[PDB]
């Protein structure tokens, strides 16, 4: 022990007498070996889920997870069961697959897990400060409450003809259609659907002013900001590059535009019940008296529009793509449209949308096969014991839940990779609380979150956009169906998802060929 500790000090010193060709090369090799040693040691633990073995420190299973998460989850499930962890770019993600995982994560106590600590870097740089994940959970709960106030049956009743008008205007004016001058055409659905989504959501949620603005070069800011909404933000939220400056600039310029409208309306007391802007002007005071600022209101609007943008656009693209090889479904949907709208002699209303179950089943089935968000996260805040196991998930870990994975299991949905809207006969609702309920601040929602079908999650972070989504997707598809037939270019089929984008959007270029059902029909109005 005497000469031992001396040779420790000697050894520390001889280390520095190494050529750096050796010293840098061991600066790499040492973490690599400890990593493997720590993993081998880790596997001993009884109070830890199996950890997926990986070679590269820090990076972890990022590549295979990133490129094909559901295949990754399937392989891990086979070897280890439903609970397992894996390292991902410096973090430890504990996956819990299936309905019990949904319960473990979505109904976890506010104290145990944090969504804002998982998500804030993704969103705060894009939306702005003070809202959504840049604030405490109870602020979020009430912001969801505020937004829900513009998402009522009466609002949907007034949105439908606005959304309809936008779809027709797009058919009339967009270079991708121009139905008054073309009877057939080819389109990339990842060009047309993001455009139709932003036009329809602008007009209805933001109002005529902000929609009007999309016909100016102001539209280039949306693109700039949109490009800033990327999973890279999870790792690099701010880097001194043109991309990040374009984004930052856009967030300032767009929120400034919203603030201009807001202050303009208040100045004239032109505060009605037209749109989400009016709504948040009348109704954005928290339960402790603090009022949202005009800046926070605008940042909230950006997030809502942005979130709704990507989930919905990706979804209507997938609907288009699945219907492109299924002329039978198109036909079936067309007949439902003729019946409900009396051969087209009835105008589409919100109430009539509700009497189109096949259409709604089509949305529902698309969301089963193409959950836009394949992985939902929470950062673990307090150590968590996994019920009926010896597993304890320690603070500093992340829990990862994936209803999108369960959506694609045959055990829960027979023939899960087949598109079949009739699996939802007797069950065309977007979702519905199968039993008892609970209120976190934005309204009574289902207490249990064990449904195998769960595109809108559940618990305190449950989506509040599902009825707006169905309204938007519904009006849009109703008009697509009554106006066009479409199919694939010869030899093409449904693309595989891109699991590396923000949403599980189709892999490009995803093209379909459209043709007018009534070549002679004209869309009125000015252009």
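Numbering follows the first chain given and starts at 1.
For the pair 310-318 and 241-249, the mean Cα B-factor is higher in 241-249. With 459-467 and 60-68 compared on mean CA B-factor from the PDB entry, the stretch scoring higher is 60-68. Of the candidates 423, 266, 407, 364, it is 266 whose Cα B-factor is highest according to the PDB record. Taking the PDB entry at face value, the top CA B factor among 75, 336, 296, 355 belongs to 75.
When all modelled residues of the chain are sorted by CA temperature factor, residue 87 is found within the highest third. In the deposited entry, the Cα temperature factor of residue 435 sits in the top third of values across the chain's modelled residues. Residue 22: CA B factor in the highest third of modelled residues in this chain (values from the PDB entry). Sorting the modelled residues of the chain by their CA temperature factor places residue 55 in the highest third. Remark: residue 13 belongs to the highest third of its chain, ranked by C-alpha B-factor as recorded.
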